[PDB]
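Take a look at the structure below.
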Amino acid sequence: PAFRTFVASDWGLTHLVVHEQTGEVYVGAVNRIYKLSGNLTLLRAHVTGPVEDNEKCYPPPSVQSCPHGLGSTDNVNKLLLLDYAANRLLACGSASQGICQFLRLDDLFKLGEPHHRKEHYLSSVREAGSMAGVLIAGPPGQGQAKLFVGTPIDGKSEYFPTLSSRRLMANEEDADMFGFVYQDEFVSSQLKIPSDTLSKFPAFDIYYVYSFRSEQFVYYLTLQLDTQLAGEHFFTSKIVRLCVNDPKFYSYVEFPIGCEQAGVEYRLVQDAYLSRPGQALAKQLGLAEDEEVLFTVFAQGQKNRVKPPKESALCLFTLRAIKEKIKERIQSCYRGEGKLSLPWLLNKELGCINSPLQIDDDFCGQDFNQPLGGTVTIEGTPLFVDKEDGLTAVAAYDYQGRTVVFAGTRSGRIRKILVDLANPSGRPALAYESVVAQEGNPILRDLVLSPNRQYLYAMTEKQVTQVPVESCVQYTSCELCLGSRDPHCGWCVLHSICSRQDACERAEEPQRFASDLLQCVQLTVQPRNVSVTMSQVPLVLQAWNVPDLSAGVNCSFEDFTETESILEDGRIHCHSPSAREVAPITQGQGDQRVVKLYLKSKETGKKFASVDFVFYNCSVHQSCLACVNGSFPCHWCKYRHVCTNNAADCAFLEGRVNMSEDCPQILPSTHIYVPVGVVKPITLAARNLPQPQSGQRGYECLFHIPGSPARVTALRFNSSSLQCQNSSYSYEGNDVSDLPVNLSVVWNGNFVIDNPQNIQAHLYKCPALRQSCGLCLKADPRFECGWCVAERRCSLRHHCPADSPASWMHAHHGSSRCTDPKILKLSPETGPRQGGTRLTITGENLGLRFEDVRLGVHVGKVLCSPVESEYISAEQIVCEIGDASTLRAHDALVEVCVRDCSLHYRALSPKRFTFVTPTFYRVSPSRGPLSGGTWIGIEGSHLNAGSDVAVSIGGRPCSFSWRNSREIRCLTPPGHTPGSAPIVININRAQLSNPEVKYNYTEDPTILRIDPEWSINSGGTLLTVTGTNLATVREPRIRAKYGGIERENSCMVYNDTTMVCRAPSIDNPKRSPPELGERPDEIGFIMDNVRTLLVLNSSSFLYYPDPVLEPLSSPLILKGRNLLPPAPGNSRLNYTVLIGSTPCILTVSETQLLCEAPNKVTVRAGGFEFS
Ligand SMILES: *[C@@H]1O[C@H](CO)[C@@H](O[C@@H]2O[C@H](CO)[C@@H](O[C@@H]3O[C@H](CO[C@H]4O[C@H](CO[C@H]5O[C@H](CO)[C@@H](O)[C@H](O)[C@@H]5O)[C@@H](O)[C@H](O[C@H]5O[C@H](CO)[C@@H](O)[C@H](O)[C@@H]5O)[C@@H]4O)[C@@H](O)[C@H](O[C@H]4O[C@H](CO)[C@@H](O)[C@H](O)[C@@H]4O)[C@@H]3O)[C@H](O)[C@H]2NC(C)=O)[C@H](O)[C@H]1NC(C)=O
Ligand SMILES: *[C@@H]1O[C@H](CO)[C@@H](O[C@@H]2O[C@H](CO)[C@@H](O[C@@H]3O[C@H](CO[C@H]4O[C@H](CO[C@H]5O[C@H](CO)[C@@H](O)[C@H](O)[C@@H]5O)[C@@H](O)[C@H](O[C@H]5O[C@H](CO)[C@@H](O)[C@H](O)[C@@H]5O)[C@@H]4O)[C@@H](O)[C@H](O[C@H]4O[C@H](CO)[C@@H](O)[C@H](O)[C@@H]4O)[C@@H]3O)[C@H](O)[C@H]2NC(C)=O)[C@H](O)[C@H]1NC(C)=O
Ligand SMILES: *[C@H]1O[C@H](CO)[C@@H](O[C@@H]2O[C@H](CO)[C@@H](O[C@@H]3O[C@H](CO[C@H]4O[C@H](CO[C@H]5O[C@H](CO)[C@@H](O)[C@H](O)[C@@H]5O)[C@@H](O)[C@H](O[C@H]5O[C@H](CO)[C@@H](O)[C@H](O)[C@@H]5O)[C@@H]4O)[C@@H](O)[C@H](O[C@H]4O[C@H](CO)[C@@H](O)[C@H](O)[C@@H]4O)[C@@H]3O)[C@H](O)[C@H]2NC(C)=O)[C@H](O)[C@H]1NC(C)=O
Ligand SMILES: *[C@@H]1O[C@H](CO)[C@@H](O[C@@H]2O[C@H](CO)[C@@H](O[C@@H]3O[C@H](CO[C@H]4O[C@H](CO)[C@@H](O)[C@H](O[C@H]5O[C@H](CO)[C@@H](O)[C@H](O)[C@@H]5O)[C@@H]4O)[C@@H](O)[C@H](O[C@H]4O[C@H](CO)[C@@H](O)[C@H](O)[C@@H]4O)[C@@H]3O)[C@H](O)[C@H]2NC(C)=O)[C@H](O)[C@H]1NC(C)=O
Ligand SMILES: *[C@@H]1O[C@H](CO)[C@@H](O[C@@H]2O[C@H](CO)[C@@H](O[C@@H]3O[C@H](CO[C@H]4O[C@H](CO)[C@@H](O)[C@H](O[C@H]5O[C@H](CO)[C@@H](O)[C@H](O)[C@@H]5O)[C@@H]4O)[C@@H](O)[C@H](O[C@H]4O[C@H](CO)[C@@H](O)[C@H](O)[C@@H]4O)[C@@H]3O)[C@H](O)[C@H]2NC(C)=O)[C@H](O)[C@H]1NC(C)=O
Ligand SMILES: *[C@@H]1O[C@H](CO)[C@@H](O[C@@H]2O[C@H](CO)[C@@H](O[C@@H]3O[C@H](CO)[C@@H](O)[C@H](O[C@H]4O[C@H](CO)[C@@H](O)[C@H](O)[C@@H]4O)[C@@H]3O)[C@H](O)[C@H]2NC(C)=O)[C@H](O)[C@H]1NC(C)=O
Ligand SMILES: *[C@@H]1O[C@H](CO)[C@@H](O[C@@H]2O[C@H](CO)[C@@H](O[C@@H]3O[C@H](CO)[C@@H](O)[C@H](O[C@H]4O[C@H](CO)[C@@H](O)[C@H](O)[C@@H]4O)[C@@H]3O)[C@H](O)[C@H]2NC(C)=O)[C@H](O)[C@H]1NC(C)=O
Ligand SMILES: *[C@@H]1O[C@H](CO)[C@@H](O[C@@H]2O[C@H](CO)[C@@H](O[C@@H]3O[C@H](CO)[C@@H](O)[C@H](O)[C@@H]3O)[C@H](O)[C@H]2NC(C)=O)[C@H](O)[C@H]1NC(C)=O
Ligand SMILES: *[C@@H]1O[C@H](CO)[C@@H](O)[C@H](O)[C@H]1NC(C)=O
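Numbering (full-length UniProt numbering), first residue to last: 37 to 265, 271 to 1153, 1164 to 1210, 1216 to 1227.
Here it is, written out as structure tokens:
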């Protein structure tokens, strides 16, 4: 399927609304207002735009001449409101001091556009969506239609009211339009900004986000400025209310609003949506049917209303609960308690006047204690929190009780949330996510469900998108359908599709529609496994949770065949396909084919229920073991040497194998030893070896040697023993002494007998791997291979002459001392005098038992105790050296005495082991942060000695890296308390100290300010960073996370407080920063192990896009977009235009580059380059 869509050809869009009768969609935009069909085809386009004008001008040029220069500017649709009563559309713009338009409902015919009087002007403000309001009407002749409307003011306090109650006459040409409901010289149905409050706080302003009529009132969710929170701008999100029938404006109330999630504040409204909850949420939230509810979206903190944070939270307010907070607050001021507390309105705080009254929800305000504020900020019930992708918009609706919530994202995605706090579940769960403008066009607050409530029109900066509330057809299986949980979806069993109740034909009937996973179709077949050779087999089918199929059913194994079935009891009876049909499937897939046997219903003609059905083919098994000891019923024919399902297909009666133990198989004996180049027979045992029959040859042994494969014919003595005949074997290499070889026993040329234990023949050569007595007697007693004195080499008795009765020596049981031990080399060459070192000696002709080498090892005089486990016989001894403090020598040769220190049986090391006492004198940072993670460089002498090393700062262990004669490098642990700390290094049994060389733990550095608060996509600009203890980190660097990519860059420390840093590149071909600017996912600094500095919560650092540049005595002029960003303060890019190597003196402008040239051209700005 494809998502129905309307694209914004030229400009940005601002507002959308749906006509409750027609389903026509009206769309407010900059310079345009469109009418669209339900499926988003363009129906009519109104030009409202580019108008010659100027914001500074009061009454706009039409009425009076203005001395300020005029220019063609864009007219932003600020507001849009459906007036069904007068068959039209209020289409309120800007850029004319905010004059309002009336477009006729069905053709967009301008009925009127009043702009003579001062009330016809709404606000200079050119910002979209900072305005809102509601249209409310009575019948013609009675109290006429009124408009309640909030807008920002931009400091034009005396020109416009922020909130107003205005008149809507039936004639659009009538001059009375947008006049106040009741005007007096004392009090008018409007609320102005006081001049005193603008003098005190310079640019205070009220931005109106959402607005709705409820019962008899009118609410507004608003954003205001710092007035008890001159300084900087911080915003407070509040609710406002009025009685509809209060011309005096005395009912005004104003409570701060937000919500908290695990100690994180969310105080900035982005959107809201009044709705119903339906039976579900209502009940367990404790409400009556017609009781209302308010879904909202808030961003984290109270910072940057112009560009809020990603961190966003969807909260909830029951209107009964806000009504109680307002009633509770009024029944409180009418007790005379405290002040009114409304900073921006009343600068000098007037007091609450006590009085006896019946305080009701019907209370519409009175003369004294007047317009009043709120102290207790109203907290909301949180539902879902996005941390990587900011929520932007919301809607909700009642579906068959269950409450579905819709949530726009900064990405251009919509979430479909069942709110389940009042529902059984642990917390409200996301059901589904969907895509609109994937590239990252944010969704806008104006997000309306259709009248039929089948779709949801989702608006972006650049496109409207008809997203269906229900799209269950994406669900392929009963198990996934009812698994998604998004409540519109059910499994329409007989159609085998997923959709709503009203879409499944005959759903009302028994078992025809499934709503809980337990209703899903469950199927089983009695003969699950059927052989390829069988045909038309009777199968019984048990199925549960299925409607009456007396309509008829067919069995289809897949889209290959289809057999008719008859019904009896609670079971279905159909037949397997014919052999003629079965094999066309199984051909190719060999061993077996699992196939999804369906049921095709006669009523629908769609497959719905399935099972795993197995088609097994015995024949493809090419050994007895696979055939019988497999998973299936298969018979093996000893004599034909073929696997098949039919007993009769076997050679004859006494050659059928049905049991795995009766297989023709080779049994193991104690290992098959085969010397190279020696004539030997190889007797084998086995079981049930076949008597070769008519036209069948005898047995052979085939040896799979990569060098040479030998074919030797054999004799089968009985059903249980074989023997390959006298022959010699070889391999070409002399590289490995012991080579195990795969052997296959064949008869009649190609019939290979089964080898389960996979018995091998070991071809051994008397050593091509061992030129030392110790190595030979080390190897198997099986080989018979032994060491022969005279030759100075090792071979069997067979291959070595007996000149003496004891000239050939073999390790009898290992009780064989071995001559002329030799040491090749030993590791650690140096060691500490205290000992404890593990000496690692590697020789060639050592002793064959441990208990003879133990006590034999010595380092000069020093007794060395050898280790059992780490000792590899006659190749290697691992030995632990004892205390060498008392030794006079500085270095000594190593000695091994095999068992006795006999004159021929002693070895002495070619180079000698050295004793030292390592010392240290300096550390190369002597200071570091308390969190630790500092790269320490301990300088000294003999530091590479011994085996183990352990460095302890304050008793706590250092993470070791590498060791040297002169240096030890390790990474510091966290310190307990800041200040001087002892450094203890222990090498084996030597523990060396120095109280003159200490390590000073410092208080963790802090980051305060980065100065410019921005950079470009490729980075590379200077950043003037300030903080504390910055000299205590030697190599600090900046870190930034943009999208799925993390990047780093260098810093240069100057003071303990100052640092210059080069901004990190975020160059991503997936995302590019917008012209407006964008915060990174994360920004911080890498400073050792101080991890709180890796991620900066309070940071407002922005990233702008890299410059766009156009290629091919008079000066150089280089044109292009994005040359200068809208940045705070002075701070701009240090551009340098160069020619081969020579820089020029240039003046930089927003679209052009004014270099100067005397007549290969490169432009640089930070880490950016272009030609
Ligand atoms: C269940 O599975 C079985 C087995 O997997 C399968 O039966 C196979 O059916 C296909 C037909 O599509 C056969 O494949 C074709 O074979 C053509 C020639 O067959 C000759 O060679 C056979 C192979 O001998 C090998 O196997 C034996 C024993 O393991 C081994 O000792 C040998 O060394 C050798 O490797 C041989 O079995 C066969 O003799 C059969 O037929 C006679 C007469 O009916 C019967 O008496 C025997 O008992 C025996 O069953 C015969 O001599 C060949 O033309 C063709 O090859 C061409 O096409 C391919 C692919 O395009 C090209 O790559 C190639 O270059 C050729 O141009 C093709 O391979 C296959 O031989 C059957 N398998 C067997 C064991 O016979 C069925 O799908 C399933 N059974 C059912 C009932 O559905
Ligand atoms: C051809 O088929 C055969 C036979 O089916 C198959 O044989 C396997 O051989 C390996 C050896 O390589 C066996 O591994 C051994 O396991 C020994 C313990 O066996 C007991 O426990 C088994 C596992 O118990 C779990 O699973 C079962 C069933 O799922 C469950 O009931 C239990 O609760 C538990 O979760 C169990 O399978 C087994 O029961 C078998 O035998 C009985 C009696 O015949 C029969 O009733 C069952 O039907 C079933 O076949 C039994 O209860 C373990 O002790 C052993 O290690 C020792 O023995 C060796 C040799 O004696 C010593 O050298 C060694 O030092 C140890 O002392 C070994 O690890 C494996 O269990 C066999 N598998 C089966 C299914 O029987 C081959 O794999 C097949 N070969 C080929 C080439 O296809
Ligand atoms: C440790 O070392 C560091 C430096 O390594 C040091 O930090 C600087 O210290 C020096 C003095 O030693 C200060 O420089 C003085 O600035 C005086 C005027 O200040 C104005 O101009 C500043 C510099 O402009 C440069 O940088 C900007 C931005 O990068 C750039 O656009 C320009 O092109 C230009 O190159 C400017 O930063 C500063 O703005 C500060 O103040 C505002 C508002 O209060 C604040 O919001 C900012 O955050 C910012 O801090 C301001 O506009 C100037 O008069 C003075 O010149 C005298 O001294 C020189 C040399 O001794 C004499 O030759 C001359 O006759 C003058 O008497 C000098 O240039 C600089 O302000 C510090 N930097 C910062 C960021 O604070 C630490 O102080 C050192 N610690 C010590 C000394 O213990
Ligand atoms: C291929 O397709 C076939 C479909 O027919 C599948 O065969 C079925 O396998 C399952 C197990 O894999 C069997 O369930 C078991 O049933 C036994 C009781 O068996 C007795 O009753 C059977 C039905 O009433 C009957 O068919 C049996 O008779 C057979 O055996 C005789 C003698 O060998 C033979 O002559 C006949 O021809 C029959 O073949 C027999 O009297 C039951 O004891 C099992 O429970 C045990 O195991 C479980 C799990 O470990 C354990 O929890 C219990 O405690 C208990 O120990 C088990 O339920 C089923 O009976 C088979 N159906 C038939 C018709 O034989 C087969 O699975 C498919 N093959 C593969 C590889 O998938
Ligand atoms: C281990 O590491 C710690 C931390 O690095 C060391 O402590 C630091 O010592 C340095 C020496 O280089 C100090 O700098 C000097 O500060 C003194 C005056 O110190 C006073 O002022 C400080 C800054 O305003 C202030 O932080 C101090 O207060 C601390 O102590 C109290 C009480 O214990 C505590 O309650 C506080 O919380 C503070 O922690 C203190 O009142 C000054 O004389 C020096 O000035 C010289 O240099 C300047 C500039 O060049 C020059 O103009 C002058 O003429 C003069 O020559 C110098 O600034 C630093 O303040 C200490 N930092 C911390 C965090 O304590 C500690 O010494 C190390 N141990 C060892 C054994 O070396
Ligand atoms: C404007 O939007 C409207 C709806 O808001 C829309 O017109 C509708 O199109 C649908 C199909 O997209 C039509 O619904 C049909 O109703 C008839 C019964 O009269 C059925 O026969 C149709 O069934 C067919 O289609 C099924 C699903 O694809 C098939 O399974 C089946 O085999 C049939 O072929 C179908 O349910 C309907 O006619 C109108 N709606 C109304 C109220 O008339 C249209 O897409 C948009 N039009 C424009 C000009 O933009
Ligand atoms: C449920 O199962 C039943 C029985 O298993 C099954 O009945 C089948 O119906 C089709 C007709 O749709 C029969 O096929 C016909 O057979 C004649 C010969 O007698 C053929 O000449 C025809 O084949 C032509 O048409 C085909 C399809 O267009 C072409 O592929 C082909 O090239 C020919 O031109 C004709 O289709 C078939 O014989 C029976 N099946 C059996 C096993 O007899 C039916 O499909 C199912 N019932 C229902 C109501 O769906
Ligand atoms: C000597 O014989 C050995 C053992 O028989 C051979 O090594 C291994 O042979 C087995 C066959 O039993 C291979 O195992 C296979 O594994 C896959 C797993 O995906 C499985 O699907 C197959 O059914 C099969 O069991 C295994 O690949 C193979 N080992 C290696 C490393 O390839 C060996 O090939 C023989 N030596 C020589 C030199 O041929
Ligand atoms: C060869 O084998 C036969 C029979 O096993 C035996 O008599 C003879 O000793 C063997 N010959 C040699 C040279 O090993």
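Just so you know, even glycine gets a beta-carbon here, dropped at the ideal spot from N, CA and C.
Give me, in chain order, the residues of the same chain whose beta-carbon lies closer than 7 Å to that of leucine 383; leave out the 5 immediate sequence neighbours on both sides. Here residue 383 is taken as the residue at index 342 of the sequence shown, counted from 1. Only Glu295, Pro412, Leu413, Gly414 meet the Cβ criterion.
Where do the N-terminal and C-terminal ends of the beta strand (DSSP E) with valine 635 fall, by residue? Residue numbering aside, residue 635 sits at position 594 when the sequence shown is read from its first letter. From DSSP, the beta strand (DSSP E) with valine 635 extends over 633-642.
Nearer than 6 Å: is that true of the beta carbon of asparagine 1041 relative to any heavy atom of ligand 5? The residue you call residue 1041 lines up with position 1000 of the sequence shown. Between ligand 5 and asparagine 1041, a heavy atom-to-CB distance of less than 6 Å is present.
Kindly examine ligand 6 and report whether one of its heavy atoms sits closer than 6 Å to the Cβ of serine 73. As a first step, residue 73 must be located in the sequence shown, where it is residue number 37. Within the cutoff, so yes.
What runs of the alpha helix (DSSP H), each 4 residues or longer, lie entirely inside the UniProt domain "IPT/TIG 1" (862-957)? Listed in chain order, they are 891-894.
Starting from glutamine 372, trace the alpha helix (DSSP H) in both directions and tell me its first and last residue. For this step, residue 372 is matched to residue 331 along the sequence shown. Per DSSP, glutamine 372 is one residue of the alpha helix (DSSP H) stretching across 360-374.
Between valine 334 and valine 254, is the Cβ-Cβ spacing less than 7 Å? Here residue 334 refers to the residue found at position 293 of the sequence shown. Here residue 254 refers to the residue found at position 218 of the sequence shown. Judged by their CB atoms, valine 334 and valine 254 are not nearer to each other than the 7 Å cut-off.
Cα-Cα separation between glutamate 911 and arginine 757, rounded to whole angstroms: To locate residue 911, count along the sequence shown from 1; it is residue 870. To locate residue 757, count along the sequence shown from 1; it is residue 716. Each residue's CA atom was taken as its position, placing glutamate 911 and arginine 757 some 49 Å apart.
Which residue marks the beginning of the beta strand (DSSP E) containing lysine 279, and which one marks its end? The residue you call residue 279 lines up with position 238 of the sequence shown. For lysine 279, the enclosing beta strand (DSSP E) begins and ends at 277-284.
Exposed unless 16 or more other CB atoms sit within 10 angstroms - verdict on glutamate 1225: Position 1169 of the sequence shown, counting from 1, holds the residue named residue 1225. Counting of Cβ neighbours within 10 angstroms places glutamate 1225 among the exposed residues, the total staying below 16.
Quick one: complete alpha helix (DSSP H) runs, 4+ long, within the region 182-248? Counting whole runs of 4 or more residues, the region 182-248 contains the alpha helix (DSSP H) stretches 231-236.
Any heavy atom of ligand 2 within a distance shorter than 6 Å of the CB on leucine 666? On the sequence shown, residue 666 is found 625 positions in, with the first residue counted as 1. It does: the Cβ of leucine 666 is within 6 Å (strictly closer) of some heavy atom of ligand 2.
Should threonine 77 be counted as a contact of ligand 3 given a C-beta to heavy atom distance under 6 Å? As a position in the sequence shown, residue 77 is number 41, starting the count at 1. Relative to the non-hydrogen atoms of ligand 3, the Cβ of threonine 77 never comes closer than 6 Å to any of them.
Using alpha carbons as the reference points, say which of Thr1013, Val957, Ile994, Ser993 lies closest to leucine 984. As a working mapping, residue 984 is identified with position 943 in the sequence shown. Taking only the C-alpha atoms, the option nearest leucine 984 is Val957.
Among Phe654, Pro808, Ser771, whose alpha-carbon lies nearest the alpha-carbon of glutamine 567? One-based indexing of the sequence shown puts residue 567 at position 526. Ranking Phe654, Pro808, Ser771 by Cα distance to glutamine 567 puts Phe654 first.
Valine 720 CB to nearest heavy atom of ligand 9 below 6 Å: Numbered from its first residue, the sequence shown carries residue 720 at position 679. Here the distance from the Cβ of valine 720 to the nearest heavy atom of ligand 9 is below 6 Å.
Residues near ligand 4, CB to any non-hydrogen atom under 7 Å, in chain order? Cβ atoms closer than 7 Å to ligand 4 belong to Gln567, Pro568, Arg569, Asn570, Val655, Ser672, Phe673.
So, for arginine 547: in the same chain, excluding its five sequence neighbours on each side, which residues have a beta-carbon less than 7 Å away from its beta-carbon? Locating residue 547 in the sequence shown gives position 506, where the first residue counts as 1. So the qualifying residues of the chain are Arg553.
Taking 8 Å as the cut-off, does the region 1019-1032 touch the region 977-993 (at least 3 CB pairs, one atom from each stretch)? Contact annotation: the region 977-993 touches the region 1019-1032, with at least three C-beta pairs closer than 8 Å.
Would you identify the three-state DSSP class for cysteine 136, choosing helix, strand or coil? Sequence index remark: in the sequence shown, residue 136 carries index 100 (1-based). Three-state DSSP puts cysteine 136 in coil, outside helix and strand.
How many angstroms separate the CA atom of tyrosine 805 from the CA atom of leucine 896? Translated into positions along the sequence shown, residue 805 becomes position 764. Translated into positions along the sequence shown, residue 896 becomes position 855. The C-alpha of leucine 896 is placed about 35 Å away from the C-alpha of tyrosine 805.
How far does the alpha helix (DSSP H) with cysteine 519 in it reach, from first residue to last? Your numbering for residue 519 matches position 478 in the sequence shown. Where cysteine 519 is concerned, the enclosing alpha helix (DSSP H) stretches over 519-525.
If I follow the unbroken alpha helix (DSSP H) through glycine 319, where does it start and stop? Residue mapping note: residue 319 aligns to position 278 of the sequence shown, counting from 1. 319-326 is the extent of the alpha helix (DSSP H) around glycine 319.
Is it buried or exposed, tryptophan 788, if we count other Cβ atoms within 10 angstroms and call 16 or more buried? One-based indexing of the sequence shown puts residue 788 at position 747. Classification for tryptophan 788: buried.
So if DSSP puts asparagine 783 in a beta bridge, which residue, or which two residues, is it bridged to? Residue mapping note: residue 783 aligns to position 742 of the sequence shown, counting from 1. The bridge partners DSSP lists for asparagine 783 are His745, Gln801.
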